[PDB]
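1. The data below comprise the sequence and an experimental structure of the protein.
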Amino acid sequence: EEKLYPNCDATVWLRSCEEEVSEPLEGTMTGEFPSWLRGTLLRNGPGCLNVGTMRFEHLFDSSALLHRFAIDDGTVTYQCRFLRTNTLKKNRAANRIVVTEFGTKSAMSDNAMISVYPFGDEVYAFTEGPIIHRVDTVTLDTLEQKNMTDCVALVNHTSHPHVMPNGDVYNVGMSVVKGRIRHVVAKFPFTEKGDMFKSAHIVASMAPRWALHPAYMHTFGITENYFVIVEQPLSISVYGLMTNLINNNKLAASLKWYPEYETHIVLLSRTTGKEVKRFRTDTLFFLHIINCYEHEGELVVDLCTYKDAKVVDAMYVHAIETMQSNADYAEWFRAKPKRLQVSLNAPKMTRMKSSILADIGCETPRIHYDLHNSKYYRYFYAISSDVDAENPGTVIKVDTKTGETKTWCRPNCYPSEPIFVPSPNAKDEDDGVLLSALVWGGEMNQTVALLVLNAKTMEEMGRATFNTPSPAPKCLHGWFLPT
Ligand SMILES: [Cl-]
Ligand SMILES: [Fe+2]
């Protein structure tokens, strides 16, 4: 009758928005918002498990729900609107699940629920299939879609492209070249006058370790001189995926875990586009690389690591529903931030040094991205990933130099991925604020807030709180657009 994880309400993930907030909701302000903070926080995430009388069976299948916090002069409004995807249209028309999903068989999907990223002045919602959807940054209307297979011959891609200071976008994905799978880096070059998608081209590539079992990757790294590919022993079975698509099996069965093999860190030259170096580390699974950089002949790769890929199994609806009696659930979610380090001049297949960055589980990490991505940095921000923590909704700041942590948490409160915004006359790396979207657990399922933390102290500066007309689903990733 009793809970193994009494301080954790996993059912914050199991909500369906029943009514869109199309018109801006006025927010109840507490504390003191920074007056200088002006712009739009966009969020994306799962937002509907229901499809007529049917129900999705995995969280990754849940319908993409966009969120908008408009911030100006200490006032904040809230909106949320479903992304108008092909999958949503087809499922709603049929009033049932007619598209095969990651975790659900139909009775490829374009449910771009993972993230939102800027391509110049435009913003696109992503999943890892090749179709992305443009989003109106004011109204959350779904505008045109783009097909990355048509655009640059990507059959799939990560939902976490890298955005350069000059506006250029890089992303990694799979491409079939002369009947063979290759991992490729696509570049979407920014110019005011041009079209980033029209001028998109492949700038690097890499052969998979196993020709018909290419490695899955959710993120990739970039340094001054290299694209960094972390090739983990979780693979997509080409024939498996084809089979499941034909026979209408959930596509998750396409993933294969091979723990007898190690993880490789592969550097592709930004100059030549070819693999130039490769190193080894332990068998691990990862989703989010924190940052990569070169410093005085050393390569640094910071990422949030698991021992295996069981976190995927943890996010089945049934697994979430029954987690309070699951003795292994916390271990499935057991992530640890690690620094992988090696000399750039070291021989090929040298083992990397692997160090823990902090003695606390971290996920959905962010940094002072605009100034520190691909470069030396000191601080990252994340959310606690320990299911069995005293408070599993902790916002964490890690000082990578010292190992010092600073935290913010409140009872029954579940903050999102924190996004860093620098202060107007910023001197230091952590001279700014964190924006986080809050939901609450238990029966407090129709309240959302924008939290603003002081990045130096991790103290709450201010908060805007909203009530939604229907259940408020928990989001995944976002982006801040300054005015
Ligand atoms: Cl607390
Ligand atoms: Fe992600």
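-> Thanks, I have the structure now. Numbering: from 1, shown residues only. Ligands and ions are numbered 1, 2, ... in the order given.

2. Please name the bridge partners of the nearest residue to residue 115 once chain neighbours are set aside.
-> Spatial nearest neighbour of residue 115, chain neighbours left out: residue 477 (4.1 Å); criterion: CB to CB, 6 or more residues apart in numbering. All C-beta atoms are positioned from the backbone trio N, CA, C, and that covers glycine. Residues in a beta bridge with residue 477, per DSSP bridges, are residue 44.

3. number of nearby residues for residue 477?
-> 22 (other CB atoms under 10 Å).

4. For the stretch 251-400 of the chain, what lies in contact range of ligand 1?
-> Residues of the stretch 251-400 of the chain lying near ligand 1 by CB under 5 Å from the ion: residue 391.

5. Do a quick rundown of the helices in the stretch 251-400 of the chain.
-> 310-314, 317-321, 329-332, 369-372 (DSSP state H, counting those that start in this stretch).

6. Which of the ones you listed sits closest to residue 362?
-> Proximity to residue 362 (CB to CB) singles out helix 310-314 among the helices of the stretch 251-400 of the chain, at 13.2 Å.

7. do you know how far the residue lying farthest from the centre of the chain is from residue 236?
-> In the chain, counting by CA atoms, centre = their mean, residue 1 sits farthest out from the average C-alpha position, at 34.8 Å. Distance of residue 1 to residue 236, computed by CB to CB, to the nearest Å: 41 Å.

8. now swap in residue 244 and tell me
-> 11 Å.

9. How many neighbouring residues does residue 331 have?
-> Residues near residue 331, counting by other CB under 10 Å, number 16.

10. What of the one 4 residues further on?
-> Residue 335 has 24 neighbours, counted by other CB under 10 Å.

11. contacting residues around it?
-> Residues near residue 335 by CB atoms under 8 Å, 6 or more residues apart in numbering: 304-306, 311, 361-363, 385.

12. nearest residue to it other than its sequence neighbours?
-> Leaving out its chain neighbours, the residue that sits closest to residue 335 by CB to CB, 6+ apart is residue 385, at 4.3 Å.

13. Can you get me a residue count around that neighbour?
-> Counted with other CB under 10 Å, residues neighbouring residue 385 total 23.

14. Which of the contacts of residue 335 are buried, as a PyMOL select command?
-> A single PyMOL command selects the buried members of the contacts of residue 335 (16 or more other CB atoms under 10 Å):
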select buried, resi 304+305+306+311+361+362+363+385
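
15. Ligand 1 versus residue 458, what's the distance?
-> Distance, residue 458 to ligand 1, using CB to the ion, to the nearest Å: 13 Å.

16. I figured that residue hits residue 406, correct?
-> Yes - using CB atoms under 8 Å, residue 458 is in contact with residue 406, at 4.0 Å.

17. Dump the helices of the stretch 251-400 of the chain to JSON lines, plus distance to residue 452.
-> JSON lines is the format used below for those (distance: least, CB to CB, whole Å):
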{"stretch": "helix 310-314", "distance to residue 452": "29"}
{"stretch": "helix 317-321", "distance to residue 452": "29"}
{"stretch": "helix 329-332", "distance to residue 452": "30"}
{"stretch": "helix 369-372", "distance to residue 452": "18"}
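
18. Among these, which comes closest to residue 344?
-> Ranking the helices of the stretch 251-400 of the chain by proximity to residue 344 (CB to CB) places helix 369-372 first, at 19.7 Å.

19. contact partners of that closest one?
-> By CB under 8 Å, 6+ apart, the list of residues contacting helix 369-372 from outside reads 163, 165, 291, 420, 422, 429.

20. try it again with 10 Å
-> For helix 369-372, the external contacting residues (CB atoms under 10 Å, 6 or more residues apart in numbering) are 162-165, 291, 293, 377-380, 419-422, 426, 429, 479-480, 482.

21. Please list only the buried members of those residues.
-> By neighbour count, with 16+ other CB under 10 Å, the contacts of helix 369-372 hold 162-163, 291, 293, 377, 379-380, 419-422, 429, 479-480 as buried.

22. Among the residues you listed, name the ones in strands.
-> 162-163, 291, 293, 379-380, 419-422, 479-480 (DSSP state E).

23. picking that back up, now the common contact residues for residue 244 and residue 236.
-> 251, 254.

24. Distance check, residue 91 against residue 317.
-> Residue 91 is 16 Å from residue 317, by CB to CB.

25. The two: which is more packed in?
-> residue 91 (25 against 19).

26. Where does the stretch 151-300 of the chain get nearest to ligand 1, residue-wise?
-> residue 288 (24.7 Å; CB to the ion).

27. re the thing from before, which residues are in contact with each of residue 458 and residue 406?
-> Each of 381, 395-397, 430 lies in contact with both residue 458 and residue 406 under the rule CB under 10 Å, 6+ apart.

28. Show me how to select, in ChimeraX, the buried members of those residues.
-> Selecting only the buried entries of those in ChimeraX, with 16+ other CB under 10 Å as the criterion:
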select :381,395,396,397,430
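
29. dump the residue contacts of residue 11.
-> Residues in contact with residue 11 (CB under 10 Å, 6+ apart) are 320-321, 323-324, 441-442, 445, 474.

30. What is the nearest of these to ligand 1?
-> Closest to ligand 1 out of the contacts of residue 11 is residue 441 (12.4 Å), distances taken as CB to the ion.

31. The closest one: neighbour count?
-> Neighbourhood size, residue 441 [other CB under 10 Å]: 19.

32. Would you confirm that it contacts residue 8?
-> Yes - here residue 441 reaches residue 8: they are 8.1 Å apart, a contact under CB atoms under 10 Å.
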